[PDB]
>>> print(open('work_31.tsv').read())   # TSV, C-alpha atoms and all ligand atoms
chain	number	residue	atom	x	y	z
A	1	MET	CA	-3.60	8.13	-12.97
A	2	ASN	CA	-1.59	5.00	-12.18
A	3	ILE	CA	-0.39	2.94	-9.13
A	4	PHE	CA	2.55	5.30	-8.53
A	5	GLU	CA	0.47	8.51	-8.50
A	6	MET	CA	-2.17	6.68	-6.42
A	7	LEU	CA	0.28	5.59	-3.71
A	8	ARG	CA	1.99	9.00	-3.78
A	9	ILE	CA	-1.40	10.59	-2.86
A	10	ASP	CA	-2.09	7.97	-0.17
A	11	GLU	CA	1.37	7.94	1.41
A	12	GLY	CA	2.71	11.49	0.92
A	13	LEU	CA	6.47	12.21	0.67
A	14	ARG	CA	8.63	13.00	3.68
A	15	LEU	CA	12.41	13.28	3.43
A	16	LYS	CA	13.19	12.84	7.09
A	17	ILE	CA	12.35	9.82	9.28
A	18	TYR	CA	8.76	10.04	10.56
A	19	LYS	CA	6.23	7.87	12.34
A	20	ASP	CA	3.50	6.33	10.18
A	21	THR	CA	-0.17	6.00	11.22
A	22	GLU	CA	0.73	3.03	13.44
A	23	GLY	CA	3.59	4.91	15.09
A	24	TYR	CA	6.35	3.09	13.16
A	25	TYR	CA	9.50	4.73	11.82
A	26	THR	CA	9.08	5.28	8.12
A	27	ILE	CA	10.70	7.44	5.42
A	28	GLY	CA	10.00	8.70	1.89
A	29	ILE	CA	6.78	7.48	0.26
A	30	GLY	CA	5.55	5.15	3.01
A	31	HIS	CA	8.77	3.14	3.19
A	32	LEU	CA	8.57	1.39	6.56
A	33	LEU	CA	11.99	1.13	8.20
A	34	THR	CA	11.31	-0.84	11.39
A	35	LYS	CA	8.58	-1.60	13.93
A	36	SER	CA	11.07	-1.18	16.77
A	37	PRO	CA	10.58	1.89	19.05
A	38	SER	CA	14.25	2.83	18.63
A	39	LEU	CA	15.16	5.73	16.39
A	40	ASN	CA	18.71	4.35	16.22
A	41	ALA	CA	17.38	1.09	14.84
A	42	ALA	CA	15.46	3.19	12.23
A	43	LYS	CA	18.51	5.20	11.24
A	44	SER	CA	20.55	2.03	10.83
A	45	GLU	CA	17.83	0.36	8.68
A	46	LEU	CA	17.74	3.57	6.66
A	47	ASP	CA	21.51	3.64	6.03
A	48	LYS	CA	21.37	-0.03	4.94
A	49	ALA	CA	18.41	0.69	2.59
A	50	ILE	CA	20.11	3.71	0.92
A	51	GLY	CA	23.72	2.44	1.07
A	52	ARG	CA	25.22	5.52	2.76
A	53	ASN	CA	25.36	7.34	6.06
A	54	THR	CA	22.15	9.31	5.98
A	55	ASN	CA	21.58	10.59	9.53
A	56	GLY	CA	17.82	10.22	9.03
A	57	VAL	CA	17.55	12.36	5.91
A	58	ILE	CA	17.35	11.28	2.25
A	59	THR	CA	16.94	13.06	-1.04
A	60	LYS	CA	13.87	13.02	-3.25
A	61	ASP	CA	15.57	10.76	-5.85
A	62	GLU	CA	16.43	8.33	-2.99
A	63	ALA	CA	12.80	8.38	-1.73
A	64	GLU	CA	11.60	7.66	-5.27
A	65	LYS	CA	14.06	4.79	-5.65
A	66	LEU	CA	12.77	3.05	-2.50
A	67	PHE	CA	9.22	3.71	-3.75
A	68	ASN	CA	9.95	2.00	-7.09
A	69	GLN	CA	11.42	-1.00	-5.20
A	70	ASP	CA	8.44	-1.17	-2.84
A	71	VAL	CA	5.85	-1.02	-5.65
A	72	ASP	CA	7.79	-3.71	-7.50
A	73	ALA	CA	7.97	-5.83	-4.32
A	74	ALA	CA	4.23	-5.42	-3.66
A	75	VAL	CA	3.38	-6.64	-7.22
A	76	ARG	CA	5.85	-9.53	-6.82
A	77	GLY	CA	4.29	-10.45	-3.44
A	78	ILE	CA	0.84	-10.65	-5.07
A	79	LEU	CA	2.08	-12.81	-8.01
A	80	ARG	CA	3.92	-15.19	-5.65
A	81	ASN	CA	0.95	-15.61	-3.31
A	82	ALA	CA	-1.45	-18.52	-4.01
A	83	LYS	CA	-4.43	-16.60	-2.55
A	84	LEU	CA	-3.67	-13.23	-4.18
A	85	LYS	CA	-2.50	-14.15	-7.66
A	86	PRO	CA	-5.74	-15.61	-9.06
A	87	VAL	CA	-7.73	-12.60	-7.79
A	88	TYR	CA	-5.26	-10.09	-9.23
A	89	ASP	CA	-5.21	-11.91	-12.63
A	90	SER	CA	-9.02	-11.74	-12.72
A	91	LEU	CA	-9.13	-7.95	-12.24
A	92	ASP	CA	-9.00	-5.11	-14.79
A	93	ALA	CA	-6.09	-2.65	-14.73
A	94	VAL	CA	-7.60	-0.05	-12.37
A	95	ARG	CA	-8.73	-2.58	-9.75
A	96	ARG	CA	-5.31	-4.22	-9.96
A	97	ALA	CA	-3.90	-0.89	-8.73
A	98	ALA	CA	-6.23	-1.05	-5.69
A	99	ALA	CA	-4.93	-4.55	-4.89
A	100	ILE	CA	-1.32	-3.32	-5.08
A	101	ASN	CA	-2.22	-0.34	-2.85
A	102	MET	CA	-3.54	-2.73	-0.15
A	103	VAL	CA	-0.42	-5.02	-0.28
A	104	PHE	CA	1.86	-1.99	-0.18
A	105	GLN	CA	0.11	-0.72	2.96
A	106	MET	CA	-0.43	-3.88	4.92
A	107	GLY	CA	1.72	-6.59	3.36
A	108	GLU	CA	0.87	-9.76	1.46
A	109	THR	CA	-0.08	-11.74	4.58
A	110	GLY	CA	-2.48	-9.05	5.80
A	111	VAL	CA	-4.28	-8.85	2.44
A	112	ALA	CA	-4.40	-12.65	1.97
A	113	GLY	CA	-6.47	-12.55	5.22
A	114	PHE	CA	-9.35	-10.76	3.43
A	115	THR	CA	-10.54	-14.23	2.25
A	116	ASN	CA	-14.20	-13.30	1.83
A	117	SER	CA	-13.48	-9.96	0.08
A	118	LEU	CA	-11.02	-11.66	-2.30
A	119	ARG	CA	-13.69	-14.19	-3.29
A	120	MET	CA	-16.25	-11.44	-3.94
A	121	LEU	CA	-13.68	-9.49	-5.95
A	122	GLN	CA	-12.88	-12.61	-8.01
A	123	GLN	CA	-16.65	-13.05	-8.68
A	124	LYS	CA	-16.96	-9.33	-9.58
A	125	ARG	CA	-19.56	-8.72	-6.88
A	126	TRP	CA	-18.25	-5.19	-6.47
A	127	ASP	CA	-20.81	-3.65	-4.11
A	128	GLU	CA	-20.65	-6.70	-1.85
A	129	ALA	CA	-16.82	-6.74	-1.79
A	130	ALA	CA	-16.86	-3.04	-0.93
A	131	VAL	CA	-19.16	-3.64	2.08
A	132	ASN	CA	-17.02	-6.57	3.27
A	133	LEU	CA	-13.67	-4.70	2.81
A	134	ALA	CA	-14.93	-1.91	5.14
A	135	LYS	CA	-15.61	-4.29	8.03
A	136	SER	CA	-11.91	-4.32	8.92
A	137	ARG	CA	-9.43	-2.77	11.33
A	138	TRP	CA	-7.90	-1.34	8.13
A	139	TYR	CA	-11.02	0.72	7.36
A	140	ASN	CA	-11.58	1.76	10.99
A	141	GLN	CA	-7.96	2.96	11.52
A	142	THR	CA	-7.48	4.69	8.16
A	143	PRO	CA	-11.02	5.40	6.86
A	144	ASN	CA	-10.20	8.13	4.30
A	145	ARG	CA	-7.50	6.09	2.51
A	146	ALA	CA	-9.45	2.81	2.80
A	147	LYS	CA	-12.58	4.54	1.36
A	148	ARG	CA	-10.55	5.70	-1.70
A	149	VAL	CA	-9.18	2.15	-2.28
A	150	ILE	CA	-12.58	0.54	-1.73
A	151	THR	CA	-14.21	3.04	-4.16
A	152	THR	CA	-11.60	2.03	-6.70
A	153	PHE	CA	-12.52	-1.69	-6.31
A	154	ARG	CA	-16.21	-0.82	-6.38
A	155	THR	CA	-16.20	1.30	-9.54
A	156	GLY	CA	-13.10	0.34	-11.47
A	157	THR	CA	-12.44	4.05	-12.04
A	158	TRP	CA	-10.08	6.65	-10.54
A	159	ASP	CA	-12.88	8.92	-9.31
A	160	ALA	CA	-11.81	8.77	-5.67
A	161	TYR	CA	-8.39	10.12	-6.71
A	162	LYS	CA	-9.43	13.01	-9.00
B	201	CL	CL	15.09	-1.69	1.20
B	202	CL	CL	-6.75	7.50	6.04
>>> encode(input="work_31.tsv", output="structure tokens")
Amino acid sequence: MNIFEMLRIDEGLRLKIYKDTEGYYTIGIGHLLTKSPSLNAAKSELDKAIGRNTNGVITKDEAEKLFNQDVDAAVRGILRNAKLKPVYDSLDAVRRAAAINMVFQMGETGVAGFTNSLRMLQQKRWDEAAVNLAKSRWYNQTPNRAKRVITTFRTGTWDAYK
């Protein structure tokens, strides 16, 4: 298992524009297009992202290309963030994947708001971080995914994904 296979399980793959768990137009492997309620705005963001006239449909290679860019961007957002970088550098390889998963889903600003959890993760107080991570809108809106990510931070293994 790795970050790509992990996010592919958590996000799925859809080749036509869909609404994500928040109701936002998304495509591919959790690639958010726009938070605007307009499907035309979505289609236009999609054409710009792919570089051709898509009419709301992309190929699998195209979905995987966006996915590669989004994973790369998530990692880069962590390393550029003063609150996230020292935590990420402190973690082993598996728990680093959990951090990337969170940033991918909710963005670098959202995750940087888990101040208390980040501190517990940095201190390797795994069971305590896990309890604190779950007291979140994140956990209450998407409990099955959040449980898998939290289990990954708690154990440092891929058990929740096998
Ligand atoms: Cl893009
Ligand atoms: Cl979920």
>>> residues_around(input="work_31.tsv", residues="residue 154 in chain A", least_positions_apart="2", cutoff="12 Å", atoms="only C-alpha atoms", output="PDB file with C-alpha atoms, keeping the file's coordinate frame")
ATOM      1  CA  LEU A  91      -9.130  -7.950 -12.240  1.00  0.00           C
ATOM      2  CA  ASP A  92      -9.000  -5.110 -14.790  1.00  0.00           C
ATOM      3  CA  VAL A  94      -7.600  -0.050 -12.370  1.00  0.00           C
ATOM      4  CA  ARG A  95      -8.730  -2.580  -9.750  1.00  0.00           C
ATOM      5  CA  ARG A  96      -5.310  -4.220  -9.960  1.00  0.00           C
ATOM      6  CA  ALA A  98      -6.230  -1.050  -5.690  1.00  0.00           C
ATOM      7  CA  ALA A  99      -4.930  -4.550  -4.890  1.00  0.00           C
ATOM      8  CA  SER A 117     -13.480  -9.960   0.080  1.00  0.00           C
ATOM      9  CA  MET A 120     -16.250 -11.440  -3.940  1.00  0.00           C
ATOM     10  CA  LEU A 121     -13.680  -9.490  -5.950  1.00  0.00           C
ATOM     11  CA  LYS A 124     -16.960  -9.330  -9.580  1.00  0.00           C
ATOM     12  CA  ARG A 125     -19.560  -8.720  -6.880  1.00  0.00           C
ATOM     13  CA  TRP A 126     -18.250  -5.190  -6.470  1.00  0.00           C
ATOM     14  CA  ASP A 127     -20.810  -3.650  -4.110  1.00  0.00           C
ATOM     15  CA  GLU A 128     -20.650  -6.700  -1.850  1.00  0.00           C
ATOM     16  CA  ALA A 129     -16.820  -6.740  -1.790  1.00  0.00           C
ATOM     17  CA  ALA A 130     -16.860  -3.040  -0.930  1.00  0.00           C
ATOM     18  CA  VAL A 131     -19.160  -3.640   2.080  1.00  0.00           C
ATOM     19  CA  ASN A 132     -17.020  -6.570   3.270  1.00  0.00           C
ATOM     20  CA  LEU A 133     -13.670  -4.700   2.810  1.00  0.00           C
ATOM     21  CA  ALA A 134     -14.930  -1.910   5.140  1.00  0.00           C
ATOM     22  CA  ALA A 146      -9.450   2.810   2.800  1.00  0.00           C
ATOM     23  CA  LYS A 147     -12.580   4.540   1.360  1.00  0.00           C
ATOM     24  CA  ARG A 148     -10.550   5.700  -1.700  1.00  0.00           C
ATOM     25  CA  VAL A 149      -9.180   2.150  -2.280  1.00  0.00           C
ATOM     26  CA  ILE A 150     -12.580   0.540  -1.730  1.00  0.00           C
ATOM     27  CA  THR A 151     -14.210   3.040  -4.160  1.00  0.00           C
ATOM     28  CA  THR A 152     -11.600   2.030  -6.700  1.00  0.00           C
ATOM     29  CA  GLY A 156     -13.100   0.340 -11.470  1.00  0.00           C
ATOM     30  CA  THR A 157     -12.440   4.050 -12.040  1.00  0.00           C
ATOM     31  CA  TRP A 158     -10.080   6.650 -10.540  1.00  0.00           C
ATOM     32  CA  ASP A 159     -12.880   8.920  -9.310  1.00  0.00           C
ATOM     33  CA  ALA A 160     -11.810   8.770  -5.670  1.00  0.00           C
TER      34      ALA A 160
END
>>> closest_atom_pairs(input="work_31.tsv", of="chain A", to="ligand CL 201 (chain B)", cutoff="12 Å", atoms="all atoms listed in the file", output="CSV")
residue,atom,partner,partner_atom,distance
A:26,CA,B:CL201,CL,11.5
A:27,CA,B:CL201,CL,11.0
A:28,CA,B:CL201,CL,11.6
A:30,CA,B:CL201,CL,11.9
A:31,CA,B:CL201,CL,8.2
A:32,CA,B:CL201,CL,9.0
A:33,CA,B:CL201,CL,8.2
A:34,CA,B:CL201,CL,10.9
A:44,CA,B:CL201,CL,11.7
A:45,CA,B:CL201,CL,8.2
A:46,CA,B:CL201,CL,8.0
A:47,CA,B:CL201,CL,9.6
A:48,CA,B:CL201,CL,7.5
A:49,CA,B:CL201,CL,4.3
A:50,CA,B:CL201,CL,7.4
A:51,CA,B:CL201,CL,9.6
A:62,CA,B:CL201,CL,10.9
A:63,CA,B:CL201,CL,10.7
A:64,CA,B:CL201,CL,11.9
A:65,CA,B:CL201,CL,9.5
A:66,CA,B:CL201,CL,6.4
A:67,CA,B:CL201,CL,9.4
A:68,CA,B:CL201,CL,10.4
A:69,CA,B:CL201,CL,7.4
A:70,CA,B:CL201,CL,7.8
A:71,CA,B:CL201,CL,11.5
A:72,CA,B:CL201,CL,11.5
A:73,CA,B:CL201,CL,9.9
>>> residues_near_ligand(input="work_31.tsv", ligand="ligand CL 202 (chain B)", cutoff="12 Å", atoms="all atoms listed in the file", output="list in words")
residues 9, 10, 11, 12, 20, 21, 22, 105, 137, 138, 139, 140, 141, 142, 143, 144, 145, 146, 147, 148, 149 and 150 of chain A
>>> atom_distance(input="work_31.tsv", atom1="CA of residue 3 in chain A", atom2="CA of residue 89 in chain A")
16.0 Å
>>> atom_distance(input="work_31.tsv", atom1="CA of residue 77 in chain A", atom2="CA of residue 97 in chain A")
13.7 Å
>>> closest_residue(input="work_31.tsv", among="A:17, A:6, A:41, A:58", to="residue 102 in chain A", atoms="all atoms listed in the file")
A:6
>>> atom_distance(input="work_31.tsv", atom1="CA of residue 59 in chain A", atom2="CA of residue 100 in chain A")
24.9 Å
